[PDB]
């Protein structure tokens, strides 16, 4: 009835909505109304898949978050420590997914609104990667406090540096799509050093049977595949116009984020059972 609109082709878009020239049709027009943007969630356009991937994913980690947070304290060795450390992971996860599906909804509002939620969606990715190291580094170096605090300092200065760069207007431009890929991929590349440290500090066999050696492989693959699909727009690059709505590169990257954070939680969980289990106690 009120607030009607129709999708427009790529050529009649403003400059701040031309982020992917391989998506030819199905774009929402510039609508400076939040009521129209939130109602577009239930309509078909180029952002429908991007919205629902992290809208549903935010519920997945809102459920996983308050389930782990409300686990009875008589099951943790240090309830205050282990929950605050786990809280940083779900906090960065809820912030990342919320700042993302909100960005992809109000993406067609105006230039100021898109510019604002773009920096939040970028900073949310860094918050997730930073928050992912907090539980992983806690149990990996449960008996070695020196590398546990040193690696926390490095991840902090690397993630804050990424957030600082994310606040630059030329960072979000289409010409720096490979740059945005390399930044948050290099942020995950930092975790290779503590992964090898934990492998040589413990037994090389323990790095496989205890916890998951495939954790690093599953994570590194989803990091590489996520960055590659994002920086190259693989599904649409081959056949532009055939992936305007579904199975575009940004959608597969959205799912890989939820899947990788899901694997990391499942990895830290079994990494936790080893720390307060025998043969996993502190040694010299």
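Positions refer to the first chain, counted from 1.
A.B. asks: If you average the CA temperature factors over each stretch, which comes out higher, 72 to 80 or 190 to 198?
C.D. replies: Comparing 72 to 80 with 190 to 198, the higher mean C-alpha B-factor belongs to 72 to 80.
A.B. asks: Can you tell me which stretch has the higher mean Cα B-factor, 208 to 216 or 126 to 134?
C.D. replies: 208 to 216 has the higher mean C-alpha B-factor.
A.B. asks: Tell me, please, which of 274, 10, 22, 16 has the highest C-alpha B factor according to the deposited entry?
C.D. replies: Largest recorded C-alpha B-factor: 274.
A.B. asks: Looking at 116, 153, 144, 161, which one carries the largest C-alpha B-factor according to the PDB entry?
C.D. replies: Going by the entry's C-alpha B-factors, 144 comes out highest.
A.B. asks: Taking the values exactly as deposited, rank residue 98 by C-alpha B-factor within its chain and report the matching third: lowest, middle or highest.
C.D. replies: Lowest third.
A.B. asks: Lowest, middle or highest third: where is residue 259 by Cα B-factor in its chain?
C.D. replies: Tercile = lowest for this residue's CA B-factor.
A.B. asks: Going by what the PDB entry lists, where does residue 31 fall on CA B-factor within its chain: lowest, middle or highest third?
C.D. replies: Answer is middle: the recorded C-alpha B-factor places it there.
A.B. asks: Which third, lowest, middle or highest, does the CA B-factor of residue 49 fall in along this chain?
C.D. replies: Bottom third by C-alpha B-factor.
A.B. asks: Is the Cα B-factor recorded for residue 37 in the lowest, middle or highest third of its chain?
C.D. replies: Lowest third - that is where residue 37 ends up once the chain's C-alpha B-factors are sorted.
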